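What follows is the content of query25.tsv (TSV, C-alpha atoms).
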chain	number	residue	atom	x	y	z
S	1	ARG	CA	50.72	32.09	13.54
S	2	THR	CA	49.77	32.72	9.90
S	3	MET	CA	50.32	29.25	8.44
S	4	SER	CA	49.15	27.53	11.66
S	5	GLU	CA	45.72	29.22	11.35
S	6	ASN	CA	45.51	27.85	7.79
S	7	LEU	CA	46.03	24.39	9.36
S	8	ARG	CA	42.99	25.27	11.56
S	9	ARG	CA	41.00	26.00	8.30
S	10	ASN	CA	42.20	22.59	7.02
S	11	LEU	CA	41.27	20.73	10.22
S	12	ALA	CA	37.92	22.55	10.38
S	13	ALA	CA	37.30	21.32	6.83
S	14	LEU	CA	38.25	17.69	7.71
S	15	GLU	CA	35.81	17.50	10.59
S	16	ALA	CA	33.09	19.32	8.63
S	17	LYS	CA	33.22	16.98	5.60
S	18	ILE	CA	33.54	13.83	7.72
S	19	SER	CA	30.72	14.74	10.13
S	20	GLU	CA	28.45	15.76	7.25
S	21	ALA	CA	29.23	12.42	5.52
S	22	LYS	CA	28.15	10.67	8.76
S	23	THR	CA	24.76	12.48	8.74
S	24	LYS	CA	24.47	11.63	5.02
S	25	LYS	CA	25.05	7.95	5.95
S	26	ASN	CA	22.11	8.10	8.36
S	27	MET	CA	19.84	10.04	5.97
S	28	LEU	CA	20.66	7.95	2.91
S	29	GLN	CA	20.43	4.59	4.70
S	30	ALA	CA	17.13	5.54	6.34
S	31	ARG	CA	15.83	7.00	3.07
S	32	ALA	CA	16.93	3.83	1.23
S	33	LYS	CA	15.11	1.41	3.54
S	34	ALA	CA	12.13	3.79	3.63
S	35	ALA	CA	12.20	3.95	-0.17
S	36	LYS	CA	12.10	0.10	-0.29
S	37	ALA	CA	8.89	0.32	1.74
S	38	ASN	CA	7.54	3.21	-0.41
S	39	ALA	CA	8.35	1.09	-3.50
S	40	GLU	CA	6.39	-1.70	-1.85
S	41	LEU	CA	3.51	0.86	-1.43
S	42	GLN	CA	3.70	1.53	-5.20
S	43	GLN	CA	3.74	-2.29	-5.62
S	44	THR	CA	0.69	-2.44	-3.28
S	45	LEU	CA	-1.10	-0.03	-5.65
S	46	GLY	CA	0.07	-2.82	-8.07
S	47	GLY	CA	-1.38	-5.43	-5.61
S	48	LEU	CA	-4.78	-4.24	-6.93
S	49	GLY	CA	-3.56	-5.59	-10.34
S	50	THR	CA	-2.45	-8.91	-8.74
S	51	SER	CA	-6.01	-9.41	-7.35
S	52	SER	CA	-7.44	-8.30	-10.73
S	53	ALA	CA	-5.48	-11.25	-12.26
S	54	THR	CA	-8.14	-13.62	-10.75
S	55	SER	CA	-10.98	-11.12	-10.03
S	56	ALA	CA	-11.98	-11.77	-13.69
R	1	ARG	CA	7.14	12.55	8.33
R	2	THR	CA	6.05	13.44	4.79
R	3	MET	CA	6.66	10.14	3.03
R	4	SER	CA	5.65	8.11	6.12
R	5	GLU	CA	2.17	9.69	6.07
R	6	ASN	CA	1.87	8.62	2.41
R	7	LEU	CA	2.56	5.06	3.67
R	8	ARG	CA	-0.43	5.65	6.03
R	9	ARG	CA	-2.55	6.58	2.91
R	10	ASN	CA	-1.29	3.33	1.30
R	11	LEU	CA	-2.04	1.18	4.36
R	12	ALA	CA	-5.44	2.87	4.79
R	13	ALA	CA	-6.15	1.91	1.16
R	14	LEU	CA	-5.05	-1.75	1.70
R	15	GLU	CA	-7.37	-2.26	4.63
R	16	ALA	CA	-10.22	-0.37	2.92
R	17	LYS	CA	-10.12	-2.45	-0.30
R	18	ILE	CA	-9.63	-5.75	1.53
R	19	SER	CA	-12.39	-5.15	4.10
R	20	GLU	CA	-14.79	-3.97	1.40
R	21	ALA	CA	-13.97	-7.12	-0.64
R	22	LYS	CA	-14.87	-9.18	2.47
R	23	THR	CA	-18.32	-7.50	2.71
R	24	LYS	CA	-18.71	-8.04	-1.05
R	25	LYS	CA	-17.98	-11.76	-0.46
R	26	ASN	CA	-20.84	-11.91	2.04
R	27	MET	CA	-23.25	-9.87	-0.09
R	28	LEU	CA	-22.47	-11.66	-3.35
R	29	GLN	CA	-22.53	-15.16	-1.84
R	30	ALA	CA	-25.80	-14.47	-0.02
R	31	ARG	CA	-27.26	-12.79	-3.11
R	32	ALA	CA	-26.12	-15.75	-5.26
R	33	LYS	CA	-27.78	-18.42	-3.10
R	34	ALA	CA	-30.83	-16.17	-2.71
R	35	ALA	CA	-30.90	-15.68	-6.48
R	36	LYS	CA	-30.88	-19.51	-6.93
R	37	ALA	CA	-34.02	-19.58	-4.79
R	38	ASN	CA	-35.54	-16.56	-6.64
R	39	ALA	CA	-34.77	-18.38	-9.92
R	40	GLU	CA	-36.58	-21.37	-8.45
R	41	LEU	CA	-39.53	-18.96	-7.72
R	42	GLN	CA	-39.49	-17.96	-11.43
R	43	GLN	CA	-39.34	-21.73	-12.17
R	44	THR	CA	-42.30	-22.19	-9.76
R	45	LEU	CA	-44.25	-19.65	-11.85
R	46	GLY	CA	-43.08	-22.19	-14.54
R	47	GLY	CA	-44.35	-25.04	-12.27
R	48	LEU	CA	-47.83	-23.87	-13.37
R	49	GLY	CA	-46.69	-24.88	-16.91
R	50	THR	CA	-45.41	-28.28	-15.64
R	51	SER	CA	-48.91	-29.02	-14.19
R	52	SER	CA	-50.49	-27.68	-17.41
R	53	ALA	CA	-48.49	-30.42	-19.25
R	54	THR	CA	-51.02	-33.01	-17.86
R	55	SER	CA	-53.91	-30.67	-16.85
R	56	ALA	CA	-55.02	-31.05	-20.51
File written out as structure tokens:
Amino acid sequence: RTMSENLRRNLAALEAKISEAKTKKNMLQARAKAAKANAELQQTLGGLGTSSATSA
Amino acid sequence: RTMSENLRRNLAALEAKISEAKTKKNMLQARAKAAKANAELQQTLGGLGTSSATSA
């Protein structure tokens, strides 16, 4: 029973790290695509400069 | 929700600046053509000088 329960620690770790990596995949991918849009919002603050380039 | 609402600030800014630029287009064009007529009214005050040029 003693070493077997340490295998249960090990298996509990495998599922924990793998499942957490799956939620990281969602969060990071979502955050990445979102960040491309937020970067385009910074660029849209820069869009005011692109209109300025002929507003003169 | 936090960064998304900042995209709503950004989009609210895009529409605000663009729509205001559209009302500026109307006001400035109208004012420009109007000003050409008002300049012709100053010139018409000058028309009194053009008649003076043979009133002598």
Would you write out, as a tab-separated table, a table of all residues in chain S that have an atom no more than 8 Å from an atom of chain R, listing for each the closest atom pair and the distance in Å to one decimal, considering only C-alpha atoms and ordering rows by chain and rising residue number?
residue	atom	partner	partner_atom	distance
S:38	CA	R:7	CA	6.7
S:41	CA	R:10	CA	6.0
S:44	CA	R:10	CA	7.6
S:45	CA	R:10	CA	7.7
Any chance you could fit chain R onto chain S with least squares, all Cα atoms in order, and share the moved copy as a compact mmCIF listing (two decimals) with C-alpha atoms, keeping the file's coordinate frame?
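Saved as selection_6.txt:
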# COMPACT_ATOMS: atom_id res chain seq x y z
CA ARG R 1 50.72 32.09 13.54
CA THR R 2 49.77 32.71 9.90
CA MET R 3 50.32 29.26 8.44
CA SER R 4 49.14 27.53 11.66
CA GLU R 5 45.72 29.21 11.35
CA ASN R 6 45.50 27.85 7.79
CA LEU R 7 46.03 24.39 9.37
CA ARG R 8 42.99 25.27 11.56
CA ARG R 9 41.00 26.00 8.30
CA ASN R 10 42.20 22.59 7.02
CA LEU R 11 41.27 20.73 10.22
CA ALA R 12 37.92 22.56 10.39
CA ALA R 13 37.30 21.32 6.83
CA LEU R 14 38.25 17.68 7.71
CA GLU R 15 35.82 17.50 10.59
CA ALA R 16 33.09 19.33 8.63
CA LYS R 17 33.22 16.98 5.60
CA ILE R 18 33.54 13.83 7.72
CA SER R 19 30.72 14.74 10.13
CA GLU R 20 28.45 15.76 7.26
CA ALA R 21 29.23 12.42 5.52
CA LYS R 22 28.15 10.67 8.76
CA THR R 23 24.76 12.47 8.74
CA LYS R 24 24.47 11.63 5.02
CA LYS R 25 25.05 7.95 5.95
CA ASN R 26 22.11 8.11 8.35
CA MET R 27 19.84 10.03 5.97
CA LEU R 28 20.66 7.95 2.91
CA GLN R 29 20.43 4.59 4.70
CA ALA R 30 17.13 5.54 6.34
CA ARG R 31 15.83 7.00 3.07
CA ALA R 32 16.93 3.83 1.22
CA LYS R 33 15.11 1.41 3.54
CA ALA R 34 12.13 3.78 3.63
CA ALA R 35 12.20 3.95 -0.17
CA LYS R 36 12.10 0.10 -0.29
CA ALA R 37 8.89 0.31 1.74
CA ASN R 38 7.54 3.21 -0.41
CA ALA R 39 8.35 1.09 -3.50
CA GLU R 40 6.39 -1.70 -1.85
CA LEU R 41 3.50 0.86 -1.43
CA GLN R 42 3.70 1.54 -5.21
CA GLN R 43 3.74 -2.29 -5.62
CA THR R 44 0.69 -2.44 -3.28
CA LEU R 45 -1.10 -0.03 -5.65
CA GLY R 46 0.06 -2.83 -8.07
CA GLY R 47 -1.38 -5.43 -5.62
CA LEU R 48 -4.78 -4.24 -6.93
CA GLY R 49 -3.56 -5.59 -10.33
CA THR R 50 -2.44 -8.91 -8.74
CA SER R 51 -6.01 -9.41 -7.35
CA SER R 52 -7.44 -8.30 -10.73
CA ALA R 53 -5.48 -11.25 -12.26
CA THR R 54 -8.14 -13.63 -10.74
CA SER R 55 -10.98 -11.12 -10.04
CA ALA R 56 -11.98 -11.77 -13.69
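Take atom CA of residue 23 of chain S and atom CA of residue 39 of chain S: the distance between them is 23.4 Å.
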Point-to-point distance from atom CA of residue 50 of chain S to atom CA of residue 15 of chain R, Å rounded to tenths:
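Computing it gives 15.7 Å between the two atoms.
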So how far away is atom CA of residue 2 of chain R from atom CA of residue 31 of chain S, in Å?
11.8 Å
